[PDB]
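Take a look at the structure set out below.
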Amino acid sequence: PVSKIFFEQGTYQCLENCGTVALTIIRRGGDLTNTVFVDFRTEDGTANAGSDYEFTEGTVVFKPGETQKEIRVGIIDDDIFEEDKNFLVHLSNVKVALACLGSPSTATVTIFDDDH
Ligand SMILES: [Ca+2]
Ligand SMILES: [Ca+2]
Ligand SMILES: [Ca+2]
Ligand SMILES: [Ca+2]
């Protein structure tokens, strides 16, 4: 019986000025009385850390009973008009009973430009 860890949705969106984007990680399956650890980390798409979004990483803990965890990523605003850009948040290193990654364990985040 295997706990799976995955993002609640595979795609998130925000405007450049949204300040931060919230992402939800689900735990489903197996024995929910176990504690589960999952690492997370941003990766550039066409949007770049230090420029369009803030580099973010960490470990999330699903304590017993917990099925939903929220993580936040900083979005950087500017006043230049350009195309919409995306980046990635990968999940990894799941630790418990067996727990592992499900689908999707990468979320893609599109920042929509709000200028012009
Ligand atoms: Ca920008
Ligand atoms: Ca703007
Ligand atoms: Ca802009
Ligand atoms: Ca547009």
Side-chain angles (χ1 to χ4, degrees):
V2 193
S3 289
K4 298 292 177 67
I5 307 300
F6 54 96
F7 283 110
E8 186 171 58
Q9 54 187 67
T11 299
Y12 293 88
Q13 303 178 158
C14 58
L15 293 165
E16 257 191 329
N17 77 338
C18 77
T20 82
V21 68
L23 289 93
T24 303
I25 315 186
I26 306 299
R27 161 165 65 161
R28 180 155 300 156
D31 189 344
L32 299 174
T33 67
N34 291 137
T35 296
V36 172
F37 301 95
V38 61
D39 288 357
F40 78 87
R41 194 194 186 283
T42 49
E43 192 197 66
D44 291 353
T46 63
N48 297 317
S51 159
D52 306 298
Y53 75 88
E54 298 180 10
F55 173 74
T56 314
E57 61 170 4
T59 302
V60 167
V61 187
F62 293 88
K63 303 185 169 214
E66 292 177 350
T67 58
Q68 299 201 150
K69 285 261 152 171
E70 169 184 286
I71 60 166
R72 307 202 77 106
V73 174
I75 302 292
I76 306 167
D77 195 12
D78 64 22
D79 198 356
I80 315 150
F81 184 38
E82 44 202 347
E83 66 276 8
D84 304 334
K85 296 180 186 185
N86 59 27
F87 65 96
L88 301 141
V89 193
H90 299 293
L91 299 171
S92 64
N93 201 20
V94 175
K95 293 187 176 206
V96 199
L98 295 174
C100 50
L101 295 170
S103 301
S105 63
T106 303
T108 161
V109 177
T110 307
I111 315 167
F112 279 85
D113 200 272
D114 68 339
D115 296 289
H116 217 37

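Quick note: numbers below take in every heavy atom, side chains included, and nothing from hydrogens, waters or symmetry partners. Numbers here are sequence positions counted from 1.
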Restricting to non-hydrogen atoms, name the atom on [X] and the atom on [Y] that form the minimum distance, rounded to 0.1 Å.
X	Y	result
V2	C100	CG1-SG, 3.5 Å
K95	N93	CE-OD1, 3.2 Å
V21	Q13	CG2-O, 4.3 Å
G29	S3	O-OG, 2.6 Å
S92	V38	O-CG2, 3.5 Å
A99	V36	CB-CG2, 4.1 Å

Value rounded to 0.5 Å, distance of [atom1] in [X] from [atom2] in [Y]:
X	Y	atom1	atom2	value
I71	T59	CD1	OG1	11.0 Å
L23	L91	CG	CG	9.0 Å
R41	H90	CZ	NE2	8.0 Å
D114	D79	CG	CG	8.0 Å
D84	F112	CG	CZ	5.0 Å
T67	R28	OG1	CZ	7.0 Å

Joint cluster assignment, [X] & [Y], ILVMFWY side-chain distance < 4.5 Å:
X	Y	result
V73	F6	no
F87	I76	no
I26	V96	no
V60	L32	no

For the pair [X] (side chain) and [Y] (backbone), establish whether a donor and an acceptor sit closer than 3.5 Å, ignoring hydrogens and angles.
X	Y	value
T56	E54	yes
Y12	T24	yes
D113	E83	no
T33	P64	no

Pairs satisfying salt bridge (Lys or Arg N to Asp or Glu O under 4.0 Å), at least one member in residues 55-78, at least two apart: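 Sorted result for residues 55-78: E66-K69, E70-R72.
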Under the salt bridge (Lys or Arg N to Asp or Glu O under 4.0 Å) definition, can you give me all pairs with a residue in residues 42-52, not counting sequence neighbours? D52-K85
Of all residues at least two apart in sequence or in a different chain, which pass the ring-ring contact (aromatic ring centres under 6.0 Å, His included) check with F62? none
Could you tell me which residues satisfy ring-ring contact (aromatic ring centres under 6.0 Å, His included) with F7, sequence neighbours excluded, listed by chain and number?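 If we apply the ring-ring contact (aromatic ring centres under 6.0 Å, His included) test to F7, skipping adjacent residues, there are no hits.
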If the condition is side chain to side chain contact (heavy atoms under 4.5 Å, CB included), which residues does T11 pass it with, not counting sequence neighbours? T108
Test side chain to side chain contact (heavy atoms under 4.5 Å, CB included) applied to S103 - qualifying residues, sequence neighbours left out: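 So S103 forms no side chain to side chain contact (heavy atoms under 4.5 Å, CB included) with any residue.
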Between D115 and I80, is the side-chain contact (heavy atoms from CB on, under 4.5 Å) condition met? List the steps. CA-CA 6 Å; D115 296 289; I80 315 150; 5.8 Å; no
